[PDB]
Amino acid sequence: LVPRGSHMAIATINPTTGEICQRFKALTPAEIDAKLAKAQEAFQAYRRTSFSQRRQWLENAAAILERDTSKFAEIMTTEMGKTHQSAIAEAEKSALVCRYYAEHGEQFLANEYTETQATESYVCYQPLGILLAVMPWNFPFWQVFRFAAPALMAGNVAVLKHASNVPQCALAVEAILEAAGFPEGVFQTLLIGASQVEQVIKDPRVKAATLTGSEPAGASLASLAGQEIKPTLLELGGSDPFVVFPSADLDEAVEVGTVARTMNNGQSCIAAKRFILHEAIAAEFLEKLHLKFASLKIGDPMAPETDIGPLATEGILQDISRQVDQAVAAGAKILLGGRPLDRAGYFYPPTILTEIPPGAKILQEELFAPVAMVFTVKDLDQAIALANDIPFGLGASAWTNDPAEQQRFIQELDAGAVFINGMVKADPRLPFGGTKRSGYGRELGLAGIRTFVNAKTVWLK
């Protein structure tokens, strides 16, 4: 036996126990070439299917997700550490988005007509061809279905590169779609490393790409896609603010803030990361939040009662460890947590940072872990100024029952989404995506299915 780079890049490593459970071989270039030939060929046939066949197959996928939610949930929890209960919910949402596009997708892609001197003039909507989807470990089913439901309803085929630490999830999605009846080659999972994504985008059969994840990989992909004249959609990190003002129901703010910071063990792009508290309401909020964080159960994510599993990988653990030690050293005050736990697996406790000095690195950084930054402010202008004083701009949440402050937050928060008296969620009925360094384009709603079609203008004399 000999460890080879090929066999060592992709694995299931259970973050609860640290143990390597199973390893996989990455595809060769040749093998990749052949998957793409296969996709190109399935595309010629798949684009001729009817919305009926596609709706039928998508419905079938939804039913398989619902039947086996616990099985799929366990795969998620085993590979990347989320609570089993939240992983069951992610399977149910994955089914939901499949149903959303089965129901709306034909109508979303109908001809739109415009009166001109032409006998007929309209835009119609046609599949691009092979699409590449580069997806993250943190919502390993949901992110894949919210991309794949609309892309397949539109008539495209797709090749998925998943995060190298959720290969079982990735294989599970390929298998789900095959079992639902989508023809072989329509959706294929590529067991490949991040360096191999270059070969896929530069392949002439690949028309467009989408990436959800972080800046390094997103910059890489969109750069290369650009150089090849291929369109991308990017959803990257956030540092969403969670802004609390005097007229807010603080108890509910506290409950929802805690959930929004800690769900998925803090590893969400739309987590409440930076709590921005009005000075009147602040003492009371900070303390109530401290106490809730302190009540969270940290433990085995397979256990129903667990609120906080381990972080997903070792790397992820060192990131947040360094980011935090660094801030403490620059003078930041730990109200709670702030140290990895003395135990098996990649555990990091719920943590709260206060009195962060101006100039600290961490003000501009994404904390992908259950670690809240807290700030006090005098007025609405300071709150906007601080909320927007980041490179990112995905989501934002503000708590107030003053209609004027509500419209101000709605207008002036530089984010792709703004929730008022609620935590930012993604809901298939509505578009969703970033601004600034959080990315561009929109998934879900109408936009989700228009994103990768040729909007072909037609003019018949």
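All residue numbers are counted from 1 along the displayed sequence.
Open item on the list: Using only C-alpha atoms and the B-factors in the entry, which stretch averages higher, 403-411 or 49-57?
Closed with: That would be 403-411.
TODO: Return whichever of 278-286 and 209-217 has the greater mean Cα B factor according to the PDB record.
DONE: Averaged over C-alpha atoms, the B-factors run higher in 278-286.
Task: Highest-ranked of 203, 255, 178, 90 once sorted by CA temperature factor in the record - done: That would be 255, according to the entry.
- [ ] Quick one: which of 162, 378, 230, 261 shows the highest Cα temperature factor in the PDB entry?
- [x] Largest recorded C-alpha B-factor: 378.
Task: Cα B factor band for residue 16 (lowest, middle or highest third within the chain) - done: Residue 16: CA B-factor falls in the middle third of its chain.
TODO: Place residue 196 in the lowest, middle or highest third of its chain's C-alpha B-factors, as listed in the PDB entry.
DONE: Ranked within chain, residue 196 CA B lands in the middle tercile.
TODO: Tell me, lowest, middle or highest third: where does the Cα B factor of residue 108 rank within its chain?
DONE: Lowest third of the chain for residue 108's C-alpha B-factor.
Open item on the list: Using the temperature factors of the C-alpha atoms in this entry, rank residue 307 within its chain: lowest, middle or highest third.
Closed with: Middle third - that is where residue 307 ends up once the chain's C-alpha B-factors are sorted.
Open item on the list: When the deposited Cα B-factors of this chain's modelled residues are ordered and cut into thirds, is residue 294 in the lowest, the middle or the highest one?
Closed with: Its C-alpha B-factor, which the entry lists for residue 294, ranks in the middle third among residues of this chain.
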